[PDB]
Structures are given as structure tokens and as C-alpha cells.
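Taking it in order: structure first as C-alpha cells, then the write-up.
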Amino acid sequence: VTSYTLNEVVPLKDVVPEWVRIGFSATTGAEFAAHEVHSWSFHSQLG
Amino acid sequence: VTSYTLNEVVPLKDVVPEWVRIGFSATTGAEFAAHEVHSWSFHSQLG
Amino acid sequence: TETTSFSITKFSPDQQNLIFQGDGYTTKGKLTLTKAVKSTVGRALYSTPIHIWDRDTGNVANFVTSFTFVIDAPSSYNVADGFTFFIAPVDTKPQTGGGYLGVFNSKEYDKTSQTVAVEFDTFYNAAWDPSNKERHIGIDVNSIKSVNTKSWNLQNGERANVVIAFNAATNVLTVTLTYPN
Amino acid sequence: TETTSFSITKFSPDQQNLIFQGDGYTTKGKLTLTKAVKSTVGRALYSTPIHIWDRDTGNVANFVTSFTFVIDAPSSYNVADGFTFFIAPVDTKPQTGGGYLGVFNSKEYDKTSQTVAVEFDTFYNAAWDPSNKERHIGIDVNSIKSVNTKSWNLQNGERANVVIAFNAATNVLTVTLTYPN
Ligand SMILES: OC[C@H]1O[C@@](CO)(O[C@H]2O[C@H](CO)[C@@H](O)[C@H](O)[C@H]2O)[C@@H](O)[C@@H]1O
Ligand SMILES: OC[C@H]1O[C@@](CO)(O[C@H]2O[C@H](CO)[C@@H](O)[C@H](O)[C@H]2O)[C@@H](O)[C@@H]1O
Ligand SMILES: [Ca+2]
Ligand SMILES: [Ca+2]
Ligand SMILES: [Mn+2]
Ligand SMILES: [Mn+2]
């Protein structure tokens, strides 16, 4: 099993609006590949 | 503590579409009252 | 498998995950469907479409909802019309007001309605309500005339806790309303 | 308190709770953002707006998302451009394609973007990507030039498990990608 981790301080409050939409994006250009998502789970608690 | 329960078999599959929206409704007519909701939680599991 | 869960213990003034219809609006941390005013209708829908059954597998979802509501009437004699929790097609708009509760337009079974509603009916409509004339909880399927009802004694201005659960293995919908006192 | 939670382990041909943009679509139980074809963009957003911070209390949400994805390239030498998990305004539409990943339009910091993205970048864009020229995971804030990156060795056609968590107490966003092999 191989894994990679990364962390950074991101002051969300100063960057994004109070309400947002979350999602996935993938693109290709002069080179390319297929990008697929097989499952997705999410959780948030405010307050 | 006073409570009331009611059960009925409702074959949902034969009645509602595969995708639905859930919500609250309240009305008044010749007579009336204020209707308000204070909190709401929901959990659904398909499959 | 697909699951969805949410819980709102205090409404925001700009509650973007709800769709408001008629007179519904959020105020002071709560969801107001109607004020004590004549001939009005208010509805609020969670915005996300919910996958209730799957035509591919024939699976049907198990679900539970829990909420706290208050009916505040001028007295115990001037009270109408009621409140419902309902499940309907994604494109649902408010139906007939008054005793129809904003969800149905007839007492005759209408399969094109595709709406199931749990009513907390506080006014006796002779054309279809139970003959005992009492306030009642009822399970409505495509019609304002309940398939089953249970008398209920309204406690004016008291908070009621409701839990509604559907068991897909059994096709049984259960409703329980409880008052602290 | 407001909590939102969902889980999808198999996508339906008609996922009504998702908004598809560009070439995104579901097939065979999966969500396909792009096929292996040139110059294309695919995006899929969960339909419900999420309450991420509250202006009245100043509170910010804690959240965690996990997903499995696969990149299937013709060979380890013809691979581009990458994939992102992002958080943007409710009204978000696809931005520039190619190395901009469909989420940003420039390497300069643009405060009007209001987008935070975690990228899994498979192609070296000399104008802004890290000089070692390796494939990398990066945290992007209002620009395609990451604030922090981590080299990553792509396993072509292998299923990656990713977990992304934001701790509101600390303002730390953490990402972890894992291959079974
Ligand atoms: O083949 C890479 C080569 O093409 C250019 C444009 O001539 O970049 C295109 O393709 C890249 C990989 O798909 C994209 O990142 C880029 O956005 C797109 O313009 C050259 O920049 C690149 O070297
Ligand atoms: O006062 C009740 C009395 O009014 C009528 C109308 O003539 O019903 C109106 O008000 C009722 C309660 O608010 C609603 O259920 C009804 O839908 C509305 O038409 C009479 O039917 C009723 O007895
Ligand atoms: Ca009635
Ligand atoms: Ca790149
Ligand atoms: Mn009734
Ligand atoms: Mn990059």
C-alpha cells in the first residue's frame, strides 16, 4: 500500500462564500486520459 | 409525556416516483393558527 | 448503496438548502409555515432530490425523519387547518389550500398526485374527516381522505416531537407524536 | 447546528442529486469525468448547497470527504491533465480547460474566484507547476499555482482512495491518497 499526505492552513472563511457547492473536475488538452470516480461520501457539521 | 402512534402499510414503490422531494405544508382557511417547525433531521438508505 | 442525512437544529435566515413556497420563511431560528392569519398556505421542501426506490433493482429505501413543531391557535375553539410532512414528485408545487392542506385537491383517489402525507389535522371537514369530529393524525395517499387516522388532543402552543419511519422490508410507515407533558 | 452527510457507492444512470457539467456523465455504476480524448472538460457537483461558515456566529464547518478515483492513460508518457476535488460558489460553471483543470483561469491570485481545489495534477505546465516536473498533489486557492504540493507517482489504471479533511479549529486542510499496492 503506498500513500501520500499533504496539509496546508487554508482560512476557508476568507476565501469562499458562506454557502458553496462541492464537486469534481477533470480535463485533458493536447495530451489525455480517462478520469473516473467510483464512490463518494461526505460529511460536514456547522456549529 | 403524552404520545400517540399510528402504523399503516404504504407500498411506496407503487405510489411515488423513484426520486422525490420531502417537505412540510401547513394551511389556514376561514379559521386559523400559526404553524412553525423548530428542528428537523432525516436519514435515508437505499441498498 | 446511496444514503443521505441532514439535521437542522436552528434555521438560518438564508437557508439555501430549502425551497420555500407560499408563505413559508425562516425567522428567529425557526421555520414559519403560516402565521395566525386567514386563508394562507406555506410549504418548505428540502432541496435535494431523494432516491426512494430504484427501478433497476426494485430496492426501496428505509428512512426516518424527526422534527419538532408548534401549532399556536387563538383559542382551542378557533383552530385550522393543519400541518403535514409529505413526500412528492421533485417538481411539486402547492395544491389546494384550506382543508386540503396544500397537498391534495380532492377526496377522490388520484393516482396522478403521487403524494404520501402524514397529516396533523386540527379542523373537522365534514366532507371527509372522521365522524367523531376529533383532531387527528392521519396517513394520506393520493387523497385528502386518510387511509388510517388516530385521534389526537392538540396542546395549544406546546412543542410536539414527531418521529416518522418507513421500513422497506415491511412497507410499514410508523408515526409517533409526543408531548413533554 | 446543521449537518449534511451523503454516501454513494454506485452511481445511477440518472443521478438527480448531481449537477453534470461539460462531458461529465454516469455509466456502468461510475462517474466519468472525461474519456481519453483531447481537449475536453467534465465536472460533477453535488446539487445541494453546503453551509460552510456562518456570518452571524463566525463559526466554520468541520468536514471530511472520501472518494475512489482512477486515471487510465494510454501510456505513462501521454498523460494529462488531472483531476480535482473543489469547493466553489453555488453558481459555479466550468472555467478554462487543459492545465487549468476546468477550475481556474490564471496563475495570478484572483480573489473573485472564491475556489479552493485539491488537484491531482498529471502534466507539467512549465508556466506554474513545480520545477521537478513530477506529477503531484496540490492545494490550490484562487489560482492554478498551488500554495503547497507533494510529488506523487501515478499508478496508471489503479484505483486510488483519497480522504480530504478540514479542521475548523485549526484551519488545516489535510489530504491523503492511498494505493493498495
Ligand atoms: O503537449 C503538451 C503541449 O501542448 C500545449 C499547447 O501547445 O499544452 C496543451 O496541452 C497540455 C497537456 O494536455 C495542457 O496542459 C495545456 O493547457 C494545453 O494547452 C503546450 O503547452 C504543451 O507543451
Ligand atoms: O368556518 C369553517 C367554515 O368555513 C368553510 C367555508 O365556508 O371552510 C373554510 O374554512 C375551513 C377551516 O379553516 C377550511 O377547512 C375550508 O377548507 C375553508 O373552505 C366551511 O366549510 C367551514 O365550515
Ligand atoms: Ca381537516
Ligand atoms: Ca499541470
Ligand atoms: Mn383529516
Ligand atoms: Mn499543478
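Chains as they are written, first to last, in the authors' numbering: chain B, 1 to 47; chain D, 1 to 47; chain C, 1 to 181; chain A, 1 to 181. Beta carbons: idealized from backbone N, C-alpha and C, even for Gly.
DSSP-derived helix/strand/coil call for residue i
i: B/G23; result: strand
i: C/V79; result: coil
i: C/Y124; result: coil
i: A/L31; result: strand
i: A/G22; result: strand
i: A/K145; result: coil
i: A/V103; result: coil
i: B/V15; result: helix
i: B/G29; result: coil
i: A/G97; result: coil
i: C/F11; result: coil
i: C/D110; result: coil
i: C/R135; result: coil
i: C/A165; result: strand
i: C/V90; result: coil
i: B/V1; result: coil
i: C/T1; result: coil
i: A/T48; result: coil
i: A/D140; result: strand
Where residue i falls, given that 16 or more other Cβ within 10 Å makes a residue buried
i: A/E158; result: exposed
i: C/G58; result: exposed
i: C/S76; result: exposed
i: C/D129; result: buried
i: B/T5; result: exposed
i: A/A160; result: buried
i: C/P13; result: exposed
i: B/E31; result: buried
i: C/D56; result: exposed
i: C/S151; result: exposed
i: C/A169; result: exposed
i: A/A73; result: buried
i: C/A126; result: exposed
i: B/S3; result: exposed
i: C/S131; result: exposed
i: A/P49; result: buried
i: C/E108; result: exposed
i: D/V9; result: exposed
i: A/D81; result: buried
i: C/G98; result: buried
i: C/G102; result: buried
i: D/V1; result: exposed
DSSP beta-bridge partners of residue i
i: A/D56; result: For A/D56, which the question treats as bridged, DSSP gives no partner whatsoever.
i: D/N7; result: C/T174
i: D/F42; result: C/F6 and C/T65
i: A/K38; result: A/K38 pairs with nothing; no bridge assigned.
i: A/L154; result: None, per the DSSP bridge assignment.
i: A/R43; result: B/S25 and A/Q21
i: A/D72; result: B/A34
i: A/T84; result: B/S25 and A/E119
Any residues in the region 2 to 36 of chain A with a beta carbon nearer than 7 Å to a beta carbon of chain B? Which ones, in chain order? For the region 2 to 36 of chain A, the beta-carbon criterion of a distance under 7 Å to any beta-carbon of chain B is satisfied by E2, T3, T4, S5, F6, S7, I8, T9, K30, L31, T32, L33, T34, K35 and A36.
Should the region 136 to 147 of chain A be regarded as contacting the region 30 to 41 of chain A, the criterion being three or more beta carbon pairs within less than 8 Å? No, they do not touch.
Quick check: the region 41 to 59 of chain C against the region 25 to 42 of chain D, are there 3 or more CB pairs under 8 Å? Touching, per the Cβ criterion.
What are the residues of the region 13 to 37 of chain D that lie near chain A, defined by any Cβ-Cβ distance shorter than 7 Å? Those residues of the region 13 to 37 of chain D that come within reach of chain A (Cβ to Cβ, closer than 7 Å) are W19.
Taking three-plus beta-carbon pairs below 8 Å as touching, is the region 111 to 121 of chain A in contact with the region 83 to 94 of chain A? The answer is yes - the region 83 to 94 of chain A touches the region 111 to 121 of chain A, with three or more Cβ pairs under 8 Å.
The region 82 to 109 of chain C: positions lying closer than 9 Å to chain A by Cβ: Those residues of the region 82 to 109 of chain C that come within reach of chain A (Cβ to Cβ, closer than 9 Å) are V90.
Compile a chain-ordered list of the residues in the region 36 to 51 of chain A whose CB is closer than 9 Å to at least one CB of chain C. From the region 36 to 51 of chain A, only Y46, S47, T48, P49, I50 and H51 have a Cβ closer than 9 Å to chain C.
Quick check: the region 51 to 68 of chain A against the region 163 to 172 of chain A, are there 3 or more CB pairs under 8 Å? Contact check between the region 51 to 68 of chain A and the region 163 to 172 of chain A: three or more CB pairs, one atom from each, fall below 8 Å, which counts as touching.
Tell me which residues pass a beta-carbon proximity test against ligand 8: closer than 7 Å to any heavy atom, given in chain order. As far as ligands go, the structure on display features ligand 1, ligand 2, ligand 3, ligand 4, ligand 5 and ligand 6 and does not contain ligand 8.
For the structure I just gave you, are there three or more beta carbon pairs, one from the region 106 to 113 of chain C and one from the region 137 to 152 of chain C, closer than 8 Å? Under the Cβ criterion (8 Å, minimum of three pairs), the region 106 to 113 of chain C counts as touching the region 137 to 152 of chain C.
With 8 Å as the C-beta to C-beta threshold (strictly closer), list the residues of the region 65 to 84 of chain C near chain D in chain order. Those residues of the region 65 to 84 of chain C that come within reach of chain D (Cβ to Cβ, closer than 8 Å) are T65, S66, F67, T68, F69, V70, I71, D72, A73, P74, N78, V79, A80, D81, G82, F83 and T84.
Within the chosen definition, does the region 2 to 20 of chain A reach the region 36 to 43 of chain B through at least 3 CB pairs nearer than 8 Å? Contact holds: three or more Cβ-Cβ distances are below 8 Å.
Give me the subset of the region 117 to 149 of chain A whose CB atoms are less than 8 Å from a CB atom of chain B, sorted by chain position. Residues of the region 117 to 149 of chain A with a Cβ closer than 8 Å to any Cβ of chain B, in chain order: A117, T122, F123, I137, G138, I139, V141, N142, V147, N148 and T149.
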